[PDB]
Amino acid sequence: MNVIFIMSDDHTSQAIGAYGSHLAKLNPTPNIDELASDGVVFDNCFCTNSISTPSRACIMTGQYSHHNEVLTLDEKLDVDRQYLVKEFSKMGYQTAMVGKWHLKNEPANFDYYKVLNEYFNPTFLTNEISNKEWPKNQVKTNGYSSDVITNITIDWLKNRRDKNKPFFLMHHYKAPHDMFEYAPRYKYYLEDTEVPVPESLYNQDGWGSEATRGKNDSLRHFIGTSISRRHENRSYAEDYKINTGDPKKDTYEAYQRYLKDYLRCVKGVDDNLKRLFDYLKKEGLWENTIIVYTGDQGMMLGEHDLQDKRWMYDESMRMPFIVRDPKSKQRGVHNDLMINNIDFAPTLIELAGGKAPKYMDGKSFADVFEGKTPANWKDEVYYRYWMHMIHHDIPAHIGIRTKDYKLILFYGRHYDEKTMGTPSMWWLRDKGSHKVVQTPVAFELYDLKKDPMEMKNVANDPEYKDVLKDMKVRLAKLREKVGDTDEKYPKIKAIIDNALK
Ligand SMILES: [Ca+2]
Ligand code: NI
Ligand code: NI
């Protein structure tokens with residue numbers, strides 16, 4: 001069967017109606033919900049490292065960041081590590097890459113590519129041009145990027161695809177990534193509707209730890225960019241220049257404007273999927289094509305007064321992940337198996353008739369689509385955010401999540417010693433940027449059954465003493481087992497080993 005892998009940049013699970021959040025009553029994604037109504041919604045799909053380039057490298061390689069080497073936004077994925085597409089090509093698929101490309105090197109292992117690397121009249125690099133090589137093979141387009149990107153894929157399917165060969169197509173939207181430049185036809189979408197506000201926008205009593213707030217909350221203006229003006233250097237309230245005279249009203253108005261601009265970008269993607277899905281039905285591909293819809297990671301939409309991703313908190317860590325397999329009987333169902341973006345490539349390869357590659361860290365959960373739990377499937381996932389402080393003043397951390405608990409260890413250092421001591425926000429160099437410095441080392445523990453919104457860090461609660469001890473052992477063992485043991489980074493190894501002992 002064919003495969004279309006659709007991924008939107010920073011499309012978080014709260015903003016898909018099928019995940020049933022407080023936003024779902026706005027019906028933000030009717031066409032994604034219709035896809036979900038005939039497929040599987042995975043409730044427990046997590047990235048291992050919540051930023052665009054690392055997550056996409058995990059998808060492409062089936063490997064953890066410390067193996068594929070894409071630790072942060074700053075790194076590139078080697079061409080010869082484009083494993084997912086190389087495996088499909090080896091099964092005789094024609095391969096195509098369309099849209100937003102974060103992996104920096106040429107998509108050279110794709111038969112066809114037309115990529116960004118721009119919200120209006122985007123320019124693409126594409127090997128449809130004969131007399132120019134990457135990165136000079138550029139083509140200008142007219143119009144809004146979500147509409148243009150959808151047309152590139154439909155035009156490829158209609159006019160270029162070899163109709164006698166199966167295809168593997170990665171279809172990547174730039175929306176709804178910052179700066180949420182939505183198409184002007186959506187300017188008044190939601191204009192008169194209040195976006196539901198999470199109570200954690202204002203109430204953070206019990207959330208976090210000394211690692212994320214400082215002793216005596218001494219670092220709340222330092223760690224974690226904000227919706228409110230809590231963070232002294234970067235916030236939506238300041239960026240939007242909202243100044244009503246009431247800081248809670250400022251926070252409310254910045255939240256509303258953030259969420260509405262974001263949901264207008266989501267709406268543009270969802271409307272374009274109607275056009276793509278209608279084409280696939282008309283062309284006769286709907287019943288022989290596996291369709292995946294996912295976001296590369298989640299996003300904090302103001303929960304706990306936080307923004308962006310990177311955090312291991314569930315809104316950022318969880319990826320929306322919807323699969324419609326037309327040969328499966330799992331249609332209109334949810335599945336709670338604990339899965340990672342590193343599992344996507346082996347699962348897709350098996351769903352397309354191949355064998356899970358043994359050099360990958362991830363494993364195939366393809367059995368789910370036959371109504372069976374895969375053999376010896378993990379009940380915990382590992383998480384690590386490496387990019388200490390840069391851009392959003394979020395400290396580096398590792399963690400483990402089960403179905404029942406999440407344990408986070410903030411180790412609060414950058415792995416690159418030369419980066420320690422630099423400004424975290426380059427645009428505020430010599431304008432008061434915080435510096436990339438050691439932040440407090442602490443654990444956070446969340447009881448996910450009683451406290452799914454992660455409002456209450458119970459790491460220091462006596463009632464949770466045994467759970468904490470057990471979770472630290474589980475974290476220490478998983479980290480050793482996946483090989484993320486920091487021999488290259490002695491200062492961090494010492495912090496983490498000492499904290500887990
Ligand atoms: Ca992203
Ligand atoms: Ni990409
Ligand atoms: Ni787009």
# chains A, B, ... in the order shown; residues from 1 in each chain; ligands from 1
>>> closest_atom_pairs(of="chain A", to="ligand 2", cutoff="6 Å", atoms="only C-alpha atoms and all ligand atoms", output="Markdown table")
| residue | atom | partner | partner_atom_place_in_ligand_line | distance |
| --- | --- | --- | --- | --- |
| A:56 | CA | ligand 2 | 1 (Ni) | 5.4 |
| A:100 | CA | ligand 2 | 1 (Ni) | 6.0 |
| A:101 | CA | ligand 2 | 1 (Ni) | 3.8 |
| A:102 | CA | ligand 2 | 1 (Ni) | 4.1 |
| A:103 | CA | ligand 2 | 1 (Ni) | 5.3 |
>>> write_last_selection(atoms="N, CA and C atoms", output="PDB file, in the first residue's frame")
ATOM      1  N   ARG A  56      12.187  15.385  14.184  1.00  0.00           N
ATOM      2  CA  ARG A  56      12.161  14.918  12.809  1.00  0.00           C
ATOM      3  C   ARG A  56      13.315  13.969  12.512  1.00  0.00           C
ATOM      4  N   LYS A 100       7.754  21.586   4.414  1.00  0.00           N
ATOM      5  CA  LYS A 100       8.698  22.094   5.398  1.00  0.00           C
ATOM      6  C   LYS A 100       9.744  21.029   5.720  1.00  0.00           C
ATOM      7  N   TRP A 101      11.019  21.365   5.523  1.00  0.00           N
ATOM      8  CA  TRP A 101      12.140  20.444   5.696  1.00  0.00           C
ATOM      9  C   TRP A 101      13.096  21.041   6.722  1.00  0.00           C
ATOM     10  N   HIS A 102      13.262  20.360   7.863  1.00  0.00           N
ATOM     11  CA  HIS A 102      14.086  20.863   8.957  1.00  0.00           C
ATOM     12  C   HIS A 102      15.467  20.220   9.011  1.00  0.00           C
ATOM     13  N   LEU A 103      15.728  19.206   8.200  1.00  0.00           N
ATOM     14  CA  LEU A 103      16.898  18.366   8.407  1.00  0.00           C
ATOM     15  C   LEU A 103      18.155  18.912   7.723  1.00  0.00           C
TER      16      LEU A 103
END
>>> residues_near_ligand(ligand="ligand 1", cutoff="7 Å", atoms="only C-alpha atoms and all ligand atoms", output="ChimeraX atom specification")
/A:9-10,51-52,177,296-297
>>> write_last_selection(atoms="N, CA, C and O atoms", output="PDB file, in the first residue's frame")
ATOM      1  N   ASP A   9       4.016  21.410  11.680  1.00  0.00           N
ATOM      2  CA  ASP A   9       5.077  21.888  12.549  1.00  0.00           C
ATOM      3  C   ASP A   9       4.437  22.504  13.785  1.00  0.00           C
ATOM      4  O   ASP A   9       3.721  23.505  13.681  1.00  0.00           O
ATOM      5  N   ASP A  10       4.677  21.908  14.953  1.00  0.00           N
ATOM      6  CA  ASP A  10       4.164  22.412  16.228  1.00  0.00           C
ATOM      7  C   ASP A  10       2.649  22.299  16.345  1.00  0.00           C
ATOM      8  O   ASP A  10       2.032  23.064  17.108  1.00  0.00           O
ATOM      9  N   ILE A  51      11.838  19.339  20.184  1.00  0.00           N
ATOM     10  CA  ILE A  51      12.024  20.453  19.259  1.00  0.00           C
ATOM     11  C   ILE A  51      12.000  19.884  17.849  1.00  0.00           C
ATOM     12  O   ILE A  51      12.145  18.680  17.643  1.00  0.00           O
ATOM     13  N   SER A  52      11.844  20.773  16.866  1.00  0.00           N
ATOM     14  CA  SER A  52      11.545  20.345  15.499  1.00  0.00           C
ATOM     15  C   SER A  52      12.630  19.438  14.927  1.00  0.00           C
ATOM     16  O   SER A  52      12.344  18.309  14.501  1.00  0.00           O
ATOM     17  N   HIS A 177       3.427  26.750  12.923  1.00  0.00           N
ATOM     18  CA  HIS A 177       4.615  27.208  13.635  1.00  0.00           C
ATOM     19  C   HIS A 177       4.664  28.740  13.719  1.00  0.00           C
ATOM     20  O   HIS A 177       4.138  29.451  12.865  1.00  0.00           O
ATOM     21  N   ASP A 296       5.150  17.287  14.885  1.00  0.00           N
ATOM     22  CA  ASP A 296       6.485  16.809  15.264  1.00  0.00           C
ATOM     23  C   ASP A 296       6.719  16.844  16.778  1.00  0.00           C
ATOM     24  O   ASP A 296       7.441  15.990  17.320  1.00  0.00           O
ATOM     25  N   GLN A 297       6.156  17.820  17.478  1.00  0.00           N
ATOM     26  CA  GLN A 297       5.980  17.713  18.920  1.00  0.00           C
ATOM     27  C   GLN A 297       4.776  18.555  19.285  1.00  0.00           C
ATOM     28  O   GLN A 297       4.174  19.208  18.432  1.00  0.00           O
TER      29      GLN A 297
END
>>> closest_residue(among="A:312, A:455, A:482, A:77", to="residue A:199", atoms="only C-alpha atoms")
A:455
>>> closest_atom_pairs(of="chain A", to="ligand 3", cutoff="9 Å", atoms="only C-alpha atoms and all ligand atoms", output="Markdown table")
| residue | atom | partner | partner_atom_place_in_ligand_line | distance |
| --- | --- | --- | --- | --- |
| A:8 | CA | ligand 3 | 1 (Ni) | 7.8 |
| A:9 | CA | ligand 3 | 1 (Ni) | 8.4 |
| A:99 | CA | ligand 3 | 1 (Ni) | 7.5 |
| A:100 | CA | ligand 3 | 1 (Ni) | 7.5 |
| A:118 | CA | ligand 3 | 1 (Ni) | 8.9 |
| A:119 | CA | ligand 3 | 1 (Ni) | 6.8 |
| A:144 | CA | ligand 3 | 1 (Ni) | 7.5 |
| A:145 | CA | ligand 3 | 1 (Ni) | 4.5 |
| A:146 | CA | ligand 3 | 1 (Ni) | 3.4 |
| A:147 | CA | ligand 3 | 1 (Ni) | 7.2 |
| A:148 | CA | ligand 3 | 1 (Ni) | 7.9 |
| A:149 | CA | ligand 3 | 1 (Ni) | 6.5 |
| A:150 | CA | ligand 3 | 1 (Ni) | 8.4 |
| A:172 | CA | ligand 3 | 1 (Ni) | 7.6 |
| A:173 | CA | ligand 3 | 1 (Ni) | 4.1 |
| A:174 | CA | ligand 3 | 1 (Ni) | 3.8 |
| A:175 | CA | ligand 3 | 1 (Ni) | 4.2 |
| A:176 | CA | ligand 3 | 1 (Ni) | 7.1 |
| A:177 | CA | ligand 3 | 1 (Ni) | 8.5 |
| A:265 | CA | ligand 3 | 1 (Ni) | 8.1 |
| A:268 | CA | ligand 3 | 1 (Ni) | 8.0 |
| A:269 | CA | ligand 3 | 1 (Ni) | 6.8 |
>>> atom_distance(atom1="atom CA of residue A:232", atom2="atom CA of residue A:179")
20.3 Å
>>> residues_around(residues="stretch 30-32 of chain A", least_positions_apart="4", cutoff="12 Å", atoms="only C-alpha atoms", output="ChimeraX atom specification")
/A:6-8,11,13,15-19,24-26,36-41,266-278,291-295,320-324
>>> write_last_selection(atoms="N, CA and C atoms", output="compact mmCIF listing (two decimals), in the first residue's frame")
# COMPACT_ATOMS: atom_id res chain seq x y z
N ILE A 6 1.76 12.80 6.86
CA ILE A 6 1.48 14.22 6.99
C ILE A 6 1.91 14.70 8.36
N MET A 7 2.74 15.74 8.40
CA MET A 7 3.22 16.27 9.66
C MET A 7 3.10 17.78 9.63
N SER A 8 2.49 18.35 10.64
CA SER A 8 2.47 19.80 10.78
C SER A 8 3.46 20.23 11.86
N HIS A 11 2.00 21.38 15.62
CA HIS A 11 0.57 21.17 15.84
C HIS A 11 0.39 20.27 17.06
N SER A 13 -1.53 18.41 20.48
CA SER A 13 -2.70 17.54 20.60
C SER A 13 -3.90 18.27 21.20
N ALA A 15 -5.02 20.92 20.33
CA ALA A 15 -5.65 21.65 19.24
C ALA A 15 -6.14 20.72 18.13
N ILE A 16 -6.47 19.49 18.48
CA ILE A 16 -7.12 18.56 17.57
C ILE A 16 -8.37 18.06 18.28
N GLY A 17 -9.54 18.27 17.67
CA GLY A 17 -10.78 17.93 18.36
C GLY A 17 -10.81 16.50 18.86
N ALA A 18 -10.18 15.59 18.13
CA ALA A 18 -10.27 14.18 18.48
C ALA A 18 -9.59 13.88 19.81
N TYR A 19 -8.69 14.73 20.28
CA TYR A 19 -8.07 14.49 21.58
C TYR A 19 -8.90 15.04 22.74
N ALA A 24 -11.60 21.43 22.33
CA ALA A 24 -12.30 20.61 21.34
C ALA A 24 -13.68 21.17 21.02
N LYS A 25 -14.32 21.84 21.98
CA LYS A 25 -15.64 22.39 21.69
C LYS A 25 -15.59 23.50 20.65
N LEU A 26 -14.41 24.05 20.37
CA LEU A 26 -14.29 24.98 19.26
C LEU A 26 -14.29 24.28 17.91
N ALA A 36 -9.63 10.80 11.83
CA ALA A 36 -9.59 10.02 13.06
C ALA A 36 -10.83 9.13 13.20
N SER A 37 -11.99 9.59 12.72
CA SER A 37 -13.20 8.79 12.84
C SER A 37 -13.12 7.50 12.04
N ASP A 38 -12.15 7.37 11.14
CA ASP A 38 -11.96 6.15 10.37
C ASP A 38 -10.55 5.59 10.57
N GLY A 39 -9.91 5.93 11.68
CA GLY A 39 -8.59 5.40 11.94
C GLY A 39 -8.34 5.19 13.41
N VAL A 40 -7.07 5.16 13.80
CA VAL A 40 -6.65 5.03 15.18
C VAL A 40 -6.06 6.35 15.66
N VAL A 41 -6.58 6.87 16.77
CA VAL A 41 -5.95 7.97 17.51
C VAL A 41 -5.08 7.36 18.59
N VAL A 266 -3.90 26.56 12.32
CA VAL A 266 -4.41 25.19 12.33
C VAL A 266 -5.57 25.05 11.37
N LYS A 267 -6.48 26.03 11.36
CA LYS A 267 -7.64 25.95 10.49
C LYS A 267 -7.22 25.92 9.02
N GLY A 268 -6.20 26.70 8.65
CA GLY A 268 -5.72 26.64 7.27
C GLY A 268 -5.21 25.26 6.88
N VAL A 269 -4.52 24.60 7.79
CA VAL A 269 -4.07 23.25 7.47
C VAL A 269 -5.27 22.32 7.34
N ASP A 270 -6.20 22.41 8.29
CA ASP A 270 -7.34 21.49 8.28
C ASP A 270 -8.18 21.66 7.01
N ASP A 271 -8.37 22.91 6.57
CA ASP A 271 -9.12 23.15 5.33
C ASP A 271 -8.39 22.55 4.12
N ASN A 272 -7.06 22.64 4.09
CA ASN A 272 -6.30 22.09 2.98
C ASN A 272 -6.35 20.57 2.96
N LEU A 273 -6.44 19.95 4.12
CA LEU A 273 -6.55 18.50 4.16
C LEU A 273 -7.84 18.02 3.52
N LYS A 274 -8.92 18.79 3.65
CA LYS A 274 -10.15 18.46 2.92
C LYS A 274 -9.86 18.33 1.43
N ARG A 275 -9.10 19.28 0.88
CA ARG A 275 -8.79 19.24 -0.55
C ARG A 275 -7.91 18.05 -0.88
N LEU A 276 -6.89 17.79 -0.07
CA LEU A 276 -6.05 16.62 -0.32
C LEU A 276 -6.84 15.33 -0.18
N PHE A 277 -7.67 15.23 0.86
CA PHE A 277 -8.39 13.98 1.08
C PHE A 277 -9.44 13.76 -0.01
N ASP A 278 -10.08 14.84 -0.45
CA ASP A 278 -11.05 14.73 -1.53
C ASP A 278 -10.38 14.27 -2.81
N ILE A 291 -2.61 6.58 5.70
CA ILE A 291 -2.48 8.02 5.95
C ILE A 291 -2.15 8.22 7.42
N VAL A 292 -1.09 8.96 7.67
CA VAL A 292 -0.68 9.36 9.01
C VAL A 292 -0.85 10.87 9.12
N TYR A 293 -1.43 11.33 10.22
CA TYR A 293 -1.38 12.75 10.56
C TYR A 293 -0.71 12.89 11.91
N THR A 294 0.30 13.76 11.97
CA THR A 294 1.01 13.95 13.23
C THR A 294 1.57 15.37 13.30
N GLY A 295 1.95 15.77 14.51
CA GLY A 295 2.75 16.98 14.71
C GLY A 295 4.09 16.57 15.28
N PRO A 320 0.37 14.54 18.74
CA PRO A 320 -0.83 13.94 18.15
C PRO A 320 -0.38 12.97 17.06
N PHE A 321 -1.06 11.83 16.96
CA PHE A 321 -0.63 10.80 16.01
C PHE A 321 -1.85 9.97 15.65
N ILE A 322 -2.29 10.11 14.40
CA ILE A 322 -3.50 9.50 13.88
C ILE A 322 -3.11 8.70 12.64
N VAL A 323 -3.53 7.43 12.58
CA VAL A 323 -3.18 6.56 11.46
C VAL A 323 -4.46 5.93 10.93
N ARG A 324 -4.69 6.08 9.64
CA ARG A 324 -5.76 5.37 8.96
C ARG A 324 -5.13 4.34 8.05
>>> residues_around(residues="stretch 494-497 of chain A", least_positions_apart="6", cutoff="9 Å", atoms="only C-alpha atoms", output="PDB file with N, CA, C and O atoms, in the first residue's frame")
ATOM      1  N   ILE A 398      16.291  15.222  31.743  1.00  0.00           N
ATOM      2  CA  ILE A 398      15.916  13.889  31.291  1.00  0.00           C
ATOM      3  C   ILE A 398      14.670  13.483  32.057  1.00  0.00           C
ATOM      4  O   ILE A 398      14.287  14.113  33.040  1.00  0.00           O
ATOM      5  N   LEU A 409      14.146  14.784  35.743  1.00  0.00           N
ATOM      6  CA  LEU A 409      15.378  15.196  36.411  1.00  0.00           C
ATOM      7  C   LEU A 409      15.970  16.361  35.629  1.00  0.00           C
ATOM      8  O   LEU A 409      16.478  16.175  34.516  1.00  0.00           O
ATOM      9  N   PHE A 410      15.874  17.564  36.190  1.00  0.00           N
ATOM     10  CA  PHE A 410      16.497  18.736  35.580  1.00  0.00           C
ATOM     11  C   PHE A 410      17.961  18.763  35.984  1.00  0.00           C
ATOM     12  O   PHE A 410      18.284  18.902  37.166  1.00  0.00           O
ATOM     13  N   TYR A 411      18.854  18.598  35.017  1.00  0.00           N
ATOM     14  CA  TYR A 411      20.268  18.621  35.349  1.00  0.00           C
ATOM     15  C   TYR A 411      20.922  19.961  35.026  1.00  0.00           C
ATOM     16  O   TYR A 411      22.014  20.232  35.528  1.00  0.00           O
ATOM     17  N   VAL A 441      19.515  21.688  40.232  1.00  0.00           N
ATOM     18  CA  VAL A 441      19.255  20.277  39.940  1.00  0.00           C
ATOM     19  C   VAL A 441      18.133  19.791  40.854  1.00  0.00           C
ATOM     20  O   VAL A 441      18.254  19.875  42.078  1.00  0.00           O
ATOM     21  N   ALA A 476      17.196   5.364  35.854  1.00  0.00           N
ATOM     22  CA  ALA A 476      18.621   5.067  35.755  1.00  0.00           C
ATOM     23  C   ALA A 476      18.867   3.889  34.827  1.00  0.00           C
ATOM     24  O   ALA A 476      19.812   3.899  34.032  1.00  0.00           O
ATOM     25  N   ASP A 486      26.416   9.684  28.740  1.00  0.00           N
ATOM     26  CA  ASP A 486      27.162  10.936  28.929  1.00  0.00           C
ATOM     27  C   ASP A 486      28.671  10.759  29.159  1.00  0.00           C
ATOM     28  O   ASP A 486      29.313  11.596  29.811  1.00  0.00           O
TER      29      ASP A 486
END
>>> select_by_dssp(residues="stretch 82-111 of chain A", states="helix (DSSP H, G or I)", output="JSON, numbers by chain")
{"A": [83, 84, 85, 86, 87, 88, 89, 90]}
>>> closest_residue(among="A:182, A:240, A:369, A:415", to="residue A:491", atoms="only C-alpha atoms")
A:415
>>> select_by_dssp(residues="stretch 25-66 of chain A", states="strand (DSSP E or B)", output="MDAnalysis selection string")
chainID A and resid 40:42 45:46
>>> write_last_selection(atoms="N, CA, C and O atoms", output="tab-separated table (two decimals), in the first residue's frame")
chain	number	residue	atom	x	y	z
A	40	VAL	N	-7.07	5.16	13.80
A	40	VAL	CA	-6.65	5.03	15.18
A	40	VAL	C	-6.06	6.35	15.66
A	40	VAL	O	-5.13	6.88	15.03
A	41	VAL	N	-6.58	6.87	16.77
A	41	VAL	CA	-5.95	7.97	17.51
A	41	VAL	C	-5.08	7.36	18.59
A	41	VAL	O	-5.58	6.64	19.46
A	42	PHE	N	-3.78	7.65	18.56
A	42	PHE	CA	-2.90	7.18	19.63
A	42	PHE	C	-2.89	8.20	20.76
A	42	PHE	O	-2.54	9.37	20.56
A	45	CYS	N	1.38	8.87	22.50
A	45	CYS	CA	2.49	8.99	21.56
A	45	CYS	C	3.36	10.16	21.99
A	45	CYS	O	2.86	11.29	22.14
A	46	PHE	N	4.65	9.91	22.20
A	46	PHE	CA	5.51	10.95	22.76
A	46	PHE	C	6.77	11.13	21.94
A	46	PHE	O	7.36	10.17	21.42
>>> closest_residue(among="A:85, A:306, A:375, A:473", to="residue A:203", atoms="only C-alpha atoms")
A:306
>>> atom_distance(atom1="atom CA of residue A:388", atom2="atom CA of residue A:49")
12.1 Å
>>> atom_distance(atom1="atom CA of residue A:340", atom2="atom CA of residue A:204")
28.5 Å
>>> closest_residue(among="A:478, A:317, A:259, A:442", to="residue A:499", atoms="only C-alpha atoms")
A:442
>>> residues_around(residues="stretch 190-192 of chain A", least_positions_apart="6", cutoff="9 Å", atoms="only C-alpha atoms", output="compact mmCIF listing (two decimals) with C-alpha atoms, in the first residue's frame")
# COMPACT_ATOMS: atom_id res chain seq x y z
CA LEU A 26 -14.29 24.98 19.26
CA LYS A 260 -6.61 32.67 18.09
CA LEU A 263 -5.89 28.24 15.72
CA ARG A 264 -6.25 30.28 12.51
>>> closest_residue(among="A:168, A:252, A:427, A:202", to="residue A:305", atoms="only C-alpha atoms")
A:202
